[PDB]
Amino acid sequence: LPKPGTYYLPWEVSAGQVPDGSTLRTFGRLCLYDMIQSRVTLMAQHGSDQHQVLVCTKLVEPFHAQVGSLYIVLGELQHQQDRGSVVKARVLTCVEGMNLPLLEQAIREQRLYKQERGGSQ
Amino acid sequence: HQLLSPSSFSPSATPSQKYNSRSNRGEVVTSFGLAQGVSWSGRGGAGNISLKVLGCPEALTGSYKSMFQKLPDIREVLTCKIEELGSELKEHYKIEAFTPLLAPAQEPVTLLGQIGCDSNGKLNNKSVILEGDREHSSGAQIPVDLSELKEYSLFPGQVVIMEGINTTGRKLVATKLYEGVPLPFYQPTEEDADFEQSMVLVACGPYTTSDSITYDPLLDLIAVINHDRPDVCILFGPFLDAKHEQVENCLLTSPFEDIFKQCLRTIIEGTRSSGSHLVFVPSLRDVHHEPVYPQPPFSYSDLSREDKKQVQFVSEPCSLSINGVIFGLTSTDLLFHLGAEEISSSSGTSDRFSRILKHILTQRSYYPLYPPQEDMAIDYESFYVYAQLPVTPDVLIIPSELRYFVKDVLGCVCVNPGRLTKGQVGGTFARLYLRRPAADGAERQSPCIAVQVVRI
Amino acid sequence: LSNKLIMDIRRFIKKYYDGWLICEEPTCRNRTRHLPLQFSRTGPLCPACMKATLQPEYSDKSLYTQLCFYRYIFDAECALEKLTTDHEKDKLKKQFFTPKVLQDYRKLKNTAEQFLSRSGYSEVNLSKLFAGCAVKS
């Protein structure tokens, strides 16, 4: 059995605020599909800032690509020497039309409740 | 000696004397500028004429495949245009950031989106919805409340930046409304100022009466242009309207292509005496030409060597630049559509046509209306790649079915000569002046100085 | 006949570029021309039912089939080839079919084929298909 997948907004993982080898699930919008090297570069906006996450895909071929669309990625993170941070994909589904603010508020509320229950112990 | 032979094509036509009964021939219905005490004539193309087709970096030259369309292409084109214009407006007006459409916040925020009407019917102030963009809200749709709005003038497919309050994320109340920004004027170079003057005439179809193919207004216009001998002669389409009963019931004895070839031969032979430059712009009502806007120019392989230097065909729309003057050319009726499909409530009386003209100048689109008019076909890919305004044109030519008028907005001259034939009586045609002024002054001045519209 | 055929073809293409769409929900059956800007895993979303998608009212396949049908009735050569009985084919060709009739049939077929040349449905772009490979162009 594997470890569970905790949610993480793109900008935190972009800054490397998670330990190496952790399992995380995040979101973003695809920007490029490097065919030969099996690499995916998705992007997510934050005000005037744009953040990039590198996704290895060696475990989900065959895989259709939808340029300029949202995605959900779940897997493990490995801190490479030069490439930086890349997530090893285990499941990679596509969702469209789902509004970000509801999701962001949802994880914020869940984190708040978890911390509140953590105040008794 | 009618060079064209309507009797051969249809020997069952009786001439109509309503056009022949005209009594106000040669009357100038309206004018603008210094048109008093100035002779209205030309050199018949005996001077120096420069032609420059502008617009897309690769101006339309040939044909392209049409009957193949996919929805993601349409979405990509729409979102690219929306995001480009939004970014330009943000750079112009110093907007710090854009709030997502569905974000609920009590503090007023600024949202970017397209103007559309939810109702299937005509647009109205109680049926306005704002549609977002892919890069920020992925096709959001929120109703707009203009009750607090003071003045408004909107049409479907209008790119606006609007600031309001979104409490629950579903209902938005308008609190502000911005305005479009025109493209910078083209700057004439050293060579442009050298040209002193030229004569350009504007004409538009249909060149038939309600039920007569005798082409009497066509012959009279041919005689007028031959006598006047303008430097540049420009005639708009259609050269053969499909609304005629003879072509409706298929009563013609000659092929349509042959009929148009004979008409073009007639025009060339008639204009040979004048020896003036001929420019032909196709229209969406043409029969022999495929009706998808934009469309390739007409094809003619029988042009003589001598006449090749003065006869040309350009795509619709075209941006023809002569002697450093930009001409806005379109064979489509923007004004009628826009007037039929626009709603406004202004605190003061103002010209609706001027508002439409400033809107289309600001929207940076020849046909910014979306969805278009149910009487024509638009290829969205070709429209985006080929039908974008290069720069702000000094002159704009808009044939229309509405009332003839001449108006100037933001340094751009716009002419509405109207149809040359109205029912069974002649319409109006206009004549233009192009005098290059001194570019010494800081303020750019329109080289066009006078215009007169002569009734036919 | 040719002047009626050109009008008919213009009518078909005008109908095709109407852009009408219909909702896929059996209880909605919405009809609209405002194509939205939010897609899903399959395509545009119906702005009325918020659950189903939108499909074209008159797809390219029907248009191409109609044009092929128009070209079908003006190919006497294919009909002659399809004639299994050689003797009857020769008898029909000799008894009535002068070469001038064949020339007229070709003239009629020319106008129908004229619009077929610019049709993009029968044209495949090879650049898109193999664009993925980039090792050796």
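Residues numbered from 1 in each chain as written, not as in the entry; some residues may be left out. Chains lettered and ligands numbered in written order. Part of a larger assembly, values for the part shown. Heavy atoms only, no water.

As documented in the archive entry, the model was determined using cryo-EM at 4.27 Å resolution.

It is worth spelling out a negative patch on the surface at this point. Judged by side-chain charge, B:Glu83, B:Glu84, B:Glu88, B:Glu91 and B:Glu135 come together as a negatively charged surface patch. Counting through the fold element by element, B:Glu91 comes out in helix α3 (residues 71-93). (Patch = residues over 30% accessible without salt bridge, like charges linked within 9 Å, V, L, I, M, F, W, Y side chains within 5 Å. Areas by Shrake-Rupley, 256 points an atom, 1.4 Å probe, with all protein chains shown as cover. Salt bridge = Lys/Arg side-chain N within 4 Å of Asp/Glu carboxyl O. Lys, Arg positive; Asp, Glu negative; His and termini not counted. Charge placed at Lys NZ, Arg CZ, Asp CG, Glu CD. Helix = DSSP H or I, 4+ residues; strand = E, 2+ residues; numbered from the N terminus.)

Here we take up the state of the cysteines. By definition, a disulfide links the sulfur atoms of two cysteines through a covalent bond. Summed over the entire model, instances satisfying the criterion amount to 0 disulfides over all chains. A:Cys56 takes part in no disulfide bond, and the closest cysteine sulfur to it belongs to A:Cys31, at a distance of 18 Å. With relative accessibility at 15%, the residue A:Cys56 sits in the buried group. Here B:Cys448 stays free of any disulfide, with the sulfur of B:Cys412 as its closest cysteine sulfur at 11 Å. For B:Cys448, a relative accessible area of 7% translates into the label buried. (Disulfide = S-S within 2.5 Å. Buried < 20%, exposed > 50% of the residue type's maximum accessible area, 1.4 Å probe, protein only.)

A few words now on the sheet that holds strand β3 (residues 105-117) of chain B. Residue and element names in this part refer to chain B. Read once around its circumference, the closed barrel built from 5 strands follows the order β3-β4-β5-β8-β7, with strand pairing classed as mixed. Averaged over all adjacent pairs, the angle separating strand axes in this sheet is 55°, with direction ignored. Docked against the sheet, α3 engages β3 and β7 (158-166), running at close to 70° with respect to β7. (Pairing = 2+ DSSP bridges. Axes fitted to C-alpha atoms, helices over the stretch in contact; angles between N-to-C directions. Contact = heavy atoms within 4.5 Å.)

What follows is about the side chain of A:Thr26. All names here are of chain A. Relative to the helices and strands, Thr-26 is located in strand β2 (residues 23-34). A distance of 3.0 Å separates a polar side-chain atom of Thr-26 from the backbone oxygen of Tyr-8. Other than its neighbours up to four places away in sequence, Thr-26 contacts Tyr-8, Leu-9, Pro-10, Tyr-71, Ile-72 and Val-73. (Polar contact = N/O pair within 3.5 Å; in protein donor to acceptor, adjacent residues only side chain to side chain.)

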